[PDB]
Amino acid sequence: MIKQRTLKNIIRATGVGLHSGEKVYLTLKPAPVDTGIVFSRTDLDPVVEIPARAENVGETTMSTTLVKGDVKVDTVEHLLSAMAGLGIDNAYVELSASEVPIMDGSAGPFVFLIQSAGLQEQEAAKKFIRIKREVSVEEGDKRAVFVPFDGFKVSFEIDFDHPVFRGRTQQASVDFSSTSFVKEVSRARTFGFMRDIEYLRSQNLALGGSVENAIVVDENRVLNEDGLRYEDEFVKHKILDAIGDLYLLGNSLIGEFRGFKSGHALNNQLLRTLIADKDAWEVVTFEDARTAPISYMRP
């Protein structure tokens, strides 16, 4: 049987918001079966809880933001990508501020902290959303698609229109039947271009962004003295973002995602279109893990 998973132990981390630059304390806690992933603003009295679900996404400018009335949890995509990669169904995420800490810009620190704490299998069937029909959303030259697939596969393609790529459209495919999320995706850091500094300053964004927690590009130069973690780090980070954004479905996917310049906004529009088109998907469980089209690492 493929079982639901939670954390075996609590995880505690400190860091800064990429966008806010605020110091934030993070605690991940075990949760019961069918809780899903629930963010808690514990700096507020009373505490404000926001389920990590597509319907609670409020802003998708330069991150995925959860919103309940006036309350936000910004930049959830990198932590949710870690939780999706390791198959965590149920957890409370407590935050002392409005934004998940950026850590090193990747999902690496989160997968390491989680795998250090360990996972706990729970006595309940893991529920999957199985893609049964093709579902496409487009806006301009941006496109995001779900395709039926017996497994979980992500493709991303983007023409960054930026000199640092030396005129090359970036493309990557990962199939979690062979690709290690941990080894091949989790280390891919977020990035910023020095040419967007005017605009980011003007939206009060990326206040915590530096070479410490991101790839920083200035025209031709990667400013980071120690360089890239992957030849294709930039596009592997878009795949990491897409895995986090897709986890707002609230259950792991059986299917394929293809992204064409898609961002947080179009990723969320795809989830909403999918959820509305009930002909395109069904909830499935696997009573026997041996015949399932996906597997997870030992807990």
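What we label the rigid core is the largest C-alpha set whose atoms superpose within 1.5 Å from one form to the other. Start at 1 with the first residue shown and count on from there.
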Please work out whether 222-230 or 191-199 has the higher root mean square C-alpha deviation in 4 other deposited structures of this protein relative to the shown form, with the rigid core as fitting region? 191-199
Compare 147-155 with 176-184 and report which one shows the larger root mean square C-alpha deviation from this form in 4 other deposited structures of this protein once the rigid core is superposed. 176-184
Where do the C-alpha atoms have the higher mean temperature factor in this entry, in 287-295 or in 5-13? 287-295
Which has the higher mean CA temperature factor in the PDB entry, 39-47 or 25-33? 39-47
For the C-alpha B-factor as written in the entry, point me to the maximum among 61, 273, 56, 267. 61
Of the residues 77, 89, 198, 94, the one carrying the largest Cα B-factor as recorded: 198
So where's residue 166 on the chain's Cα temperature factor ranking, which third? highest
Chain thirds of CA B-factor: placement of residue 102: lowest
Ranked by Cα temperature factor within the chain, is residue 152 in the lowest third, the middle third or the highest third? middle
So where's residue 193 on the chain's Cα temperature factor ranking, which third? highest
Residue 70's Cα B-factor: lowest, middle or highest third of the chain? highest
